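Shown below is the structure under consideration.
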Amino acid sequence: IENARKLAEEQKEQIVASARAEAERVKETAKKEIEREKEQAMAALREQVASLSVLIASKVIXXXXXXXXXXXXXXXXX
Amino acid sequence: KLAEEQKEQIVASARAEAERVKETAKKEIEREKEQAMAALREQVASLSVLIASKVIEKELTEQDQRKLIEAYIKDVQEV
Amino acid sequence: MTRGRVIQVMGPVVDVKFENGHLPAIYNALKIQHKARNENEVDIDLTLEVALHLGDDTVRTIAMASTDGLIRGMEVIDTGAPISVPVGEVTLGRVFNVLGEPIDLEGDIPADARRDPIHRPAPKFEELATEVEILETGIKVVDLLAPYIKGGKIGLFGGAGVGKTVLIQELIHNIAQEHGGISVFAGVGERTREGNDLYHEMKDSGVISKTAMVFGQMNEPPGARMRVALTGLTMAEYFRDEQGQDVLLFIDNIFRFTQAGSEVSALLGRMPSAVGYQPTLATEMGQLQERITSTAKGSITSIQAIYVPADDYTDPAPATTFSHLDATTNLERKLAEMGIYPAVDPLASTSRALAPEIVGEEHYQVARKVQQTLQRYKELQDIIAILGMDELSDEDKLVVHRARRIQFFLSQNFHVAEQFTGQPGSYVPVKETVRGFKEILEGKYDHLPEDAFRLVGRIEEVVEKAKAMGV
Amino acid sequence: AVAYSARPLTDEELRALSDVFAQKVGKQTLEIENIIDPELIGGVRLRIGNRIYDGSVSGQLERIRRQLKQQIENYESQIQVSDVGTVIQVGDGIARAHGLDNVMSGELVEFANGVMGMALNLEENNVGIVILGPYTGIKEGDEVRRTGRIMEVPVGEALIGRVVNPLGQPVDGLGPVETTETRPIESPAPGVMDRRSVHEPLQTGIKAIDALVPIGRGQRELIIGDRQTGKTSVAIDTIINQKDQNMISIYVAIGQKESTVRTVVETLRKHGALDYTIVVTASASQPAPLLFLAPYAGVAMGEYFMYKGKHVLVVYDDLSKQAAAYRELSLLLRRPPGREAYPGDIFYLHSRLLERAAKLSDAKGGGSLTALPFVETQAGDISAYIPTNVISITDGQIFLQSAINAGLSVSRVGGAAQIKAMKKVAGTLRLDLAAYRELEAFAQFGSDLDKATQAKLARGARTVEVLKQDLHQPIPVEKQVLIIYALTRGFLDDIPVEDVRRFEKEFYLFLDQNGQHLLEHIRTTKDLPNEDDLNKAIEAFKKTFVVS
Ligand SMILES: Nc1ncnc2c1ncn2[C@@H]1O[C@H](COP(=O)(O)OP(=O)(O)O)[C@@H](O)[C@H]1O
Ligand SMILES: [Mg+2]
Ligand SMILES: [Mg+2]
């Protein structure tokens, strides 16, 4: 009885450890994927943010002003 | 009999705990993704604010003076 | 066309500024009625009672409800009189607020009914009537050692959770039907579920249609808990002084009135007295308690329950209220912890009607002997505690033997306590109580076990209970 | 009357604006003292009296405020106005400000730092403010503005399974809470003609409470004892036991240690009790103003469910720490102290809170709200100030001994809040417990007749061994009543007192195996099953039992 309970507890603990380790591995893969997506979206949505910034300034207040604003944003980033 | 039933109960409880841990990890990943999207939006908003400020500074204020006077009169009427 | 303005708001206390030579008198009632002007405002419907004149056309008033939402600058209206309350036959069988508005959702009292002011002076020396008659309650420890008067003031002192409410309900059940007159119940600073239970119990029993109720309870601001006893007092005074009737008056806890006064006086700007109380404790207590009297027209029998903070009987409030009572009843936690119910202390409870010419000659001797044996037993507690019962003389052992039996026979089973224990409840007339204690003092029942005396009505029931116990 | 503008405005425009504002405000004439502040390049910001009209630069910052088509093309910018004041005093957690003309009593104000406060006293030329947060960022000369709302908390079903602080800000780090409703912290209680008597049981799962001190839905019961008597364990077991019952639980921790709060939340999450629980926390390092609003925030969160027809249960982990925080706050305002230095309205502070628990009538919906306040004593003194203050508010008490003390623990409403099956068997158990309790007082060393030697001692010892329990293992009412019925009917009298716990465990196993009809009859009828069948089952178990 005690031996069977100990075996069941050991198997349960091993299963829990395996599940936690698999979750950690999935978390590492998800973190890497999220970082790569964050960088790519940072570039793309930074271009989009420059365009939307030109649009927002115009709304609060064409192509040449947008190009000048893009150059200014690039200079600020640099 | 009873010992095997207790073993099965322990196994079921461990399985439920593992499933809860898996759900918590999935929710943590979703929360991380949501926070990353929010941070990207915040960075985009800050860049938009900076670029809009620069553009508005570059814009001519000769008509902006009259626009500000008109907006002040409108706000006076509204309030 | 005379208006005030709010100047300060500090909790339950407000300050109002008026025009020159247009100030309201003390105790007047003022009204605020405000409708929101924008989204940063709420709606206000409030009444205030004038308390002080501070100079510079400013008065300081006490609020009857919550002051949240008040804005410095809102205008106030002077009614021209104190709080006025409806009186007469229109208030019999109804439940009321502090301001006199019904809260039982059965309709609205017409605006043309006669109304009386809350504040008035006491009756003078040339109008009271002095005489002592005895009121029967059916309680052994009350009938024997501290009988009630038929036209006086009765007090029930108690700590927390010792049995004030159960005793109040038992007395209501026994007396209010036998009275056959009018009764008023005022509840100040008590549990709301208790009032909800009592209303339905009265409606089932049928004591309603000759009762009026007023409720200001635990959740209300201090200004409301201060001036609720005065509303029931006015309602009873109408009957006494206009129809020459005999009126009963119950007050659920008279301590809350002084406690609310103490809470207000701090914000009114007064230097505190001992234990932090207000300087005007005795004056307010006397101003309330001197209107509850029996004049030449009618009488007002008032039964009041008084709370004792931290089980300290020397606190300023119980000590001050002790002086207005004709019969008192003190409940102790030590007796309740032993299972004795009710927990009346047989030596500290007094009555002015315990005289040989009022109750009789046998009653007086029986009560005095019982008290003497209880005091003698009380004197021997320490030496029994340390040494034991083996180092006593024969007379002392006899004293203890009879004292335990007497102390257990002072308990009883009540009608309203049936839902707790199960016993139906008992009622004992005076003569039976005197007879039973006379037999106990004579050593007639010295052989029965001491446990057969607990929670019975009469002494024949003691004999039956001993018989069923195998002896 | 001072304007901030990017460029010096023309005198004619200044005159026109001054005349317009003179006409609007209500003054015959007005003069503006324009400034040359160049930071505000968007437009003009006016400050007259204690009112401000914003320019256009703030709109860009308002753009960040509109973080949230494409923001409706930056949405639209409007001239937002606000009423302001300035601080003139700050220290020990209480401020004091000028301005704020049209402020209300009990309103919420916001400091320039970001912290919030209450408007407490509106004096002639002053406002007293209580700071709900860290006060080391507020200095004299700072700016404070109104919000236009009486104090309130966010309420809804989005709060279920979250840990928040008395203002509704999450502290577990799982993200924002998406609610859409609010409720005022100070609200009136249900009236006399809105309630009804309590007639439903609340099952804690503990035999001693469920049999001797029953609790009903809509009651107010007090749990009182010394420190190190373990009342948090009672609270956690009661909260865990409500898994099947349709109940919503709220746990409020006042003045506790944040580490123990962390471990309690971990214990709750293990047993799956976070699907119906809200946790409100204010630890020992937080300001006294925050330690004093937590019970009111909890009750405000509970009343949202209560006034919809649902049933709620609220736990206040210590009222004796709320009392000390309120005494500290009121002594800093220089108010005359009373007994034990407590203020005069320390009774009102607790009576106004515990009177919001009620069993509503059927015209109001039929909801309920149960309350379980905690009070901690010193050396078991039940006649102190605060313990007697709270004993006179509730409907009973449960005194834990440093093990329920049945000589001081009582329940008024309970008794009608019990099922018939337990009501039939509780009386005998109470009498046996009393018999042992008084017998042992003198019979420690003394011979007795066989009656008092066995029937008055062995039965009591067996019932005292039965009443014990273990942590985080609540018991269903059917099993509870079956074991109590067996003990009161007379079995176990030939079982050694060292084997009763194992007897009970094996009896539960036998029941779960081959007592389905008994259990279903109890669960469906709320009455005892047939006595002959019960005796037959108990005899079969006794025959199969291996007495050691
Ligand atoms: N006459 C009585 N007989 C039996 N029990 C009583 C009696 N009076 C009070 N009790 C006990 O006291 C409890 C109620 O106390 P209560 O009267 O409400 O306290 P308070 O003094 O605050 O009104 C009940 O649970 C009951 O067990
Ligand atoms: Mg009372
Ligand atoms: Mg605790």
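Reconstructed Cβ throughout: ideal geometry from the backbone, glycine too, with neighbour counts over all protein chains shown. The values are calculated or read from the model by the stated rules, or taken from the named source; nothing here is a laboratory result.
Tell me yes or no: at least one residue of the stretch C:414-429 is outside the structural domain of C:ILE168 (by CATH), part of a helix (DSSP H, G or I) and away from ligand 1 (no atom under 16 Å from the Cβ).
No.
Just one of C:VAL264, C:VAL247, C:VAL275 is touching an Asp or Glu at 6+ places or on another chain (Cβ under 8 Å) and among the hydrophobic types (A, V, I, L, M, F, W, C); which is it?
Result of the check over C:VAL264, C:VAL247, C:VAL275: C:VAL275.
Take the residues of the stretch D:252-291 that are over 15 Å from the mean Cα position of the chain (by Cα), more than 30 Å from D:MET118 (Cα to Cα) and assigned to a loop (DSSP other than H, G, I, E, B): which is nearest to the other protein chains (Cβ to nearest Cβ)?
D:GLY272
Out of all the residues in the stretch C:412-471, which are under 33 Å from the mean Cα position of the chain (by Cα), hydrophobic (A, V, I, L, M, F, W, C) and surrounded by fewer than 18 Cβ atoms within 10 Å (Cβ to Cβ)?
Across the stretch C:412-471, the qualifying residue is only C:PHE420.
On the given criteria, is C:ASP345 away from ligand 3 (no atom under 16 Å from the Cβ), under 29 Å from C:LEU128 (Cβ atoms) and of a type in the set (D, E, K, R)?
No; evaluated as a whole, the condition is false for this residue.
Pairs needed: first member in the stretch D:368-379, farther than 12 Å from D:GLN228 by Cβ; second member anywhere, assigned to a strand (DSSP E or B) and among the hydroxyl-bearing types (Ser, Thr, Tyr); C-beta distance under 6 Å; at least 6 residues apart or different chains.
As it stands, the answer is D:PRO373/D:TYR316, since those pairs meet every condition given.
So which of D:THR86, D:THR10 is surrounded by 14 or more Cβ atoms within 10 Å (Cβ to Cβ) and of a type outside the set (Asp, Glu)? Show your work before the answer.
Values: D:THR10 fails: surrounded by 14 or more Cβ atoms within 10 Å (Cβ to Cβ).
Exactly one residue qualifies, and that residue is D:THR86.
State the number of residues belonging to the stretch C:163-190 that are within 11 Å of ligand 1 (Cβ to nearest atom) and either under 23 Å from C:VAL98 (Cβ atoms) or not in a helix (DSSP H, G or I) (or both).
5
Next up: Scan the stretch D:17-39 for residues that are buried (at least 16 other Cβ atoms within 10 Å of the Cβ) and within 10 Å of another protein chain (Cβ to nearest Cβ) and jot them down.
D:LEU17, D:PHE21
Give the number of residues within the stretch B:1-19 that are within 7 Å of chain A (Cβ to nearest Cβ) and of a type in the set (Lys, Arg).
The number of residues fulfilling the criteria is 1.
Right, here's the next one. Might you check whether a residue that is away from ligand 1 (no atom under 15 Å from the Cβ), within 13 Å of chain D (Cβ to nearest Cβ), basic (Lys, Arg) and surrounded by fewer than 19 Cβ atoms within 10 Å (Cβ to Cβ) occurs anywhere in the stretch C:208-219?
no
Restricting to the stretch D:195-212, name every residue that is within 14 Å of chain C (Cβ to nearest Cβ) and either surrounded by 16 or more Cβ atoms within 10 Å (Cβ to Cβ) or of a type in the set (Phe, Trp, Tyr) (or both).
Matches in the stretch D:195-212: D:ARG195, D:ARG196, D:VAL198, D:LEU212.
Run C:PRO123 past the list (1) out of contact with any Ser or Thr (no Cβ under 6 Å at 6 or more places or on another chain); (2) of a type outside the set (D, E, K, R); (3) closer than 30 Å to C:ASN330 by Cβ; (4) assigned to a loop (DSSP other than H, G, I, E, B) and report the number of the one that doesn't hold.
(1)
So, in the stretch A:43-53, how many residues would count as being within 12 Å of B:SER46 (Cα to Cα) and more than 7 Å from every other protein chain (Cβ to nearest Cβ)?
We begin by selecting, within the stretch A:43-53, every residue within 12 Å of B:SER46 (Cα to Cα); these are A:46, A:49-50, A:52-53.
Filter once more, so that each one left must be more than 7 Å from every other protein chain (Cβ to nearest Cβ): none.
Final tally of qualifying residues: 0.
Still on this structure, I have one more. Give the stretch C:143-162 a look and list any residue that's near ligand 1 (Cβ under 10 Å from one of its atoms) and of a type in the set (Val, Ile, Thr), or say none.
Of everything in the stretch C:143-162, just one residue is near ligand 1 (Cβ under 10 Å from one of its atoms) and of a type in the set (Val, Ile, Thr), namely C:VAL162.
Now for a separate question. Please determine whether any residue of the stretch D:95-117 is in contact with a helix residue (DSSP H, G or I) (Cβ under 9 Å, 6 or more places away or on another chain) and not in a strand (DSSP E or B).
Within the stretch D:95-117 (the criterion being in contact with a helix residue (DSSP H, G or I) (Cβ under 9 Å, 6 or more places away or on another chain) and not in a strand (DSSP E or B)), the answer is no, since none of the residues qualifies.
Could you check the stretch D:371-390 and list, in sequence order, the residues that are within 16 Å of ligand 2 (Cβ to nearest atom) and within 23 Å of D:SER249 (Cα to Cα)? Can you show your working first?
Filtering the stretch D:371-390 down to residues within 16 Å of ligand 2 (Cβ to nearest atom) leaves D:388-390.
Selection gives D:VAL390 alone.
Also, quick follow-up: Among the residues of the stretch C:293-314, count how many are outside any strand (DSSP E or B), within 16 Å of ligand 2 (Cβ to nearest atom) and crowded, with 18+ Cβ neighbours inside 10 Å.
The total comes to 2.
Among the residues of the stretch C:444-455, is there at least one that is out of contact with any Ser or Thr (no Cβ under 8 Å at 6 or more places or on another chain), among the charged types (D, E, K, R) and not in a helix (DSSP H, G or I)?
yes
Another question about this same structure. Is it fair to say A:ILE56 is surrounded by 15 or more Cβ atoms within 10 Å (Cβ to Cβ), farther than 19 Å from B:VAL49 by Cα and facing chain B (nearest Cβ under 10 Å)? Spell out the reasoning first.
Details: surrounded by 15 or more Cβ atoms within 10 Å (Cβ to Cβ): yes; farther than 19 Å from B:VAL49 by Cα: no; facing chain B (nearest Cβ under 10 Å): yes.
No, not satisfied.
Every residue, every condition in (1) within 52 Å of the chain's Cα centre (by Cα); (2) not in a loop (DSSP other than H, G, I, E, B), yes or no:
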position: D:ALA3; (1), (2): yes, yes
position: D:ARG7; (1), (2): no, no
position: D:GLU13; (1), (2): no, yes
position: D:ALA16; (1), (2): no, yes
position: D:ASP19; (1), (2): no, yes
position: D:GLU31; (1), (2): no, no
position: D:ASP37; (1), (2): yes, no
position: D:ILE41; (1), (2): yes, no
position: D:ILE52; (1), (2): yes, yes
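It is to be established whether one or more residues within the stretch D:436-448 are surrounded by fewer than 14 Cβ atoms within 10 Å (Cβ to Cβ), of a type outside the set (S, T, N, Q), more than 14 Å from chain C (Cβ to nearest Cβ) and under 25 Å from D:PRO201 (Cα atoms).
Scanning the stretch D:436-448 turns up no residue that is surrounded by fewer than 14 Cβ atoms within 10 Å (Cβ to Cβ), of a type outside the set (S, T, N, Q), more than 14 Å from chain C (Cβ to nearest Cβ) and under 25 Å from D:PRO201 (Cα atoms).
Taking into account only those residues within the stretch B:32-41 that are loosely packed, with under 14 Cβ neighbours inside 10 Å and within 11 Å of chain A (Cβ to nearest Cβ), which is nearest to A:UNK75 (Cα to Cα)?
B:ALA39
Just to be sure before I move on: is C:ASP104 in the same structural domain as C:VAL184 (by CATH) and exposed (fewer than 14 other Cβ atoms within 10 Å of the Cβ) in the structure I sent?
no
Does the stretch D:66-77 contain at least one residue that is within 10 Å of chain B (Cβ to nearest Cβ), of a type in the set (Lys, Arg), under 41 Å from the mean Cα position of the chain (by Cα) and farther than 24 Å from C:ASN38 by Cα?
Scanning the stretch D:66-77, I find at least one residue that is within 10 Å of chain B (Cβ to nearest Cβ), of a type in the set (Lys, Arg), under 41 Å from the mean Cα position of the chain (by Cα) and farther than 24 Å from C:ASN38 by Cα, so the answer is yes.
Report yes if C:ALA160 is part of a loop (DSSP other than H, G, I, E, B) and within 16 Å of ligand 2 (Cβ to nearest atom), otherwise no. Spell out the reasoning first.
Working: part of a loop (DSSP other than H, G, I, E, B): yes; within 16 Å of ligand 2 (Cβ to nearest atom): yes.
Yes: the conditions hold for C:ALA160.
Residues checked against (1) over 30 Å from C:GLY21 (Cβ atoms); (2) away from chain D (no Cβ under 14 Å):
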{"position": "C:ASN40", "(1), (2)": "yes, no"}
{"position": "C:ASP43", "(1), (2)": "yes, no"}
{"position": "C:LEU46", "(1), (2)": "no, no"}
{"position": "C:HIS53", "(1), (2)": "no, yes"}
{"position": "C:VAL59", "(1), (2)": "no, yes"}
{"position": "C:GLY80", "(1), (2)": "no, yes"}
{"position": "C:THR91", "(1), (2)": "yes, yes"}
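Every residue in the stretch D:190-226 that is within 16 Å of ligand 3 (Cβ to nearest atom) and under 20 Å from the mean Cα position of the chain (by Cα), please.
Residues satisfying the conditions are D:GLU221, D:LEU222, D:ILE223, D:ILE224, D:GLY225.
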